[PDB]
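Take a look at this one chain, the form deposited in one PDB entry, written out in structure tokens.
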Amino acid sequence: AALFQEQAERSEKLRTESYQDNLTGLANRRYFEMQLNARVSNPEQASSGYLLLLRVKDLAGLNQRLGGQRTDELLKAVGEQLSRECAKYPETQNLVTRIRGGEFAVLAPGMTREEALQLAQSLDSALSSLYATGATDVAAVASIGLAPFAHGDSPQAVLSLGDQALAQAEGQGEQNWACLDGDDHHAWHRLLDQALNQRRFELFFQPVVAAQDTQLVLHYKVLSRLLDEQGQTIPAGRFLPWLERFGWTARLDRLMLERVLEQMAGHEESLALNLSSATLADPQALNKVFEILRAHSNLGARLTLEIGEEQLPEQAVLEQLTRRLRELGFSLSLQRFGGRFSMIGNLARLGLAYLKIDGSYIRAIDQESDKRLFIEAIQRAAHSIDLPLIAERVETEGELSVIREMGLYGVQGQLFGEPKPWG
């Protein structure tokens, strides 16, 4: 509709003005804090990783010697070099940010120490091109700091050692980057290859219930758990980066889908299951998926496939993708959605089942008006195309009462039950 188009635009303007750095087009400090806050807390996404901080050298002197305009161009050029170098690490998607003046930050969930050293050094070399270019007249260009973080670290503390790493880089008149002080890489490689071959991944399930009546179950989200040697389960937050590191995500998708379709035959409930970019990229993996769905036409009305917003293929592949699924009787949704409509585009025509809102916007939504205001704008656009919204990571009675007020369709999170075994 022209109505959708207009509502989506308001929504984008609000997203951009709220969460995007005007100058560079990167994310801003608020978005980075929201992400750091949330991305250090949930079991499904990587526990550990690295924070990278980057500080342009002598910003004030540059402004004085080169002028404000020439300095703004350098800042954008720095932002662009940072995007390029981080692109190699798909987990940094949407987490490349400009904090203050000449200070940038990137969060890299799951990144190993070896990878962080590689990024530091490749970024350093990249940025040196900005001196050769004359974009800056400081030969050193910028200071870089890397600091590790784990699940359960306070965001304040993570920023603090990011700052120490950065300060350590500075006291070295010599060397622009510093990394603060596997494994075991080989154990994960063998653990995972075997586990896949042996089908030793369990299905866990988390209820997704109606926001407007929490006793009513909408579907169960399926989550993958790895068994250890003692039949203990390991969370996806820990193993998934390794699978992606080894390039085995598509293997898990295939195993998970066959297993889910086997288990659905014994009951009448609806389920949802991830479909990774890994599966979507290899046409041979994709076709096995269609093959597998064709054989289970009967279950299509009960299974929704979910793609992460950060893993969306081209609108073209997306459009045909929803088309093939619809012919098989299976439905498609987005999860981790952050309102990037200029990236979905033809959304109105996809006939998606729902959009699940990234838990980062939901956390503390009863206490942070910018989040509440942004989700309301998304609900406005979605409402006009009859596309329901489902909030992820609802943990609090306060968050839930606000989601109700906003008239959203669904809610999921600790408040309603953790991922557990079952039917």
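If you superpose the two forms and keep the largest set of C-alpha atoms that fall within 1.5 Å, you have the rigid core. Note that residue numbering begins at 1 and tracks the sequence as displayed.
Keep in mind that the form deposited in another entry is missing from the display, and what follows is about it.
Residue showing a CA shift of 2 Å or more between the shown form and the other one (rigid core superposed; candidates 151, 288, 302, 296): 151. Fitting the two forms on the rigid core leaves the C-alpha of residue 251 displaced by under 2 angstroms between the shown form and the other one. Comparing the forms between the shown form and the other one, the C-alpha position of residue 367 differs by less than 2 angstroms, with the core used for superposition. Superposition of the core reveals a Cα shift of 2 Å or more for residue 112 between the shown form and the other one. Closer approach of the C-alpha atoms of residue 225 and residue 154, by 3 angstroms or more, is seen in the other form than in the present form. Relative to the shown form, the Cα atoms of residue 151 and residue 395 move apart by 3 Å or more in the other form.
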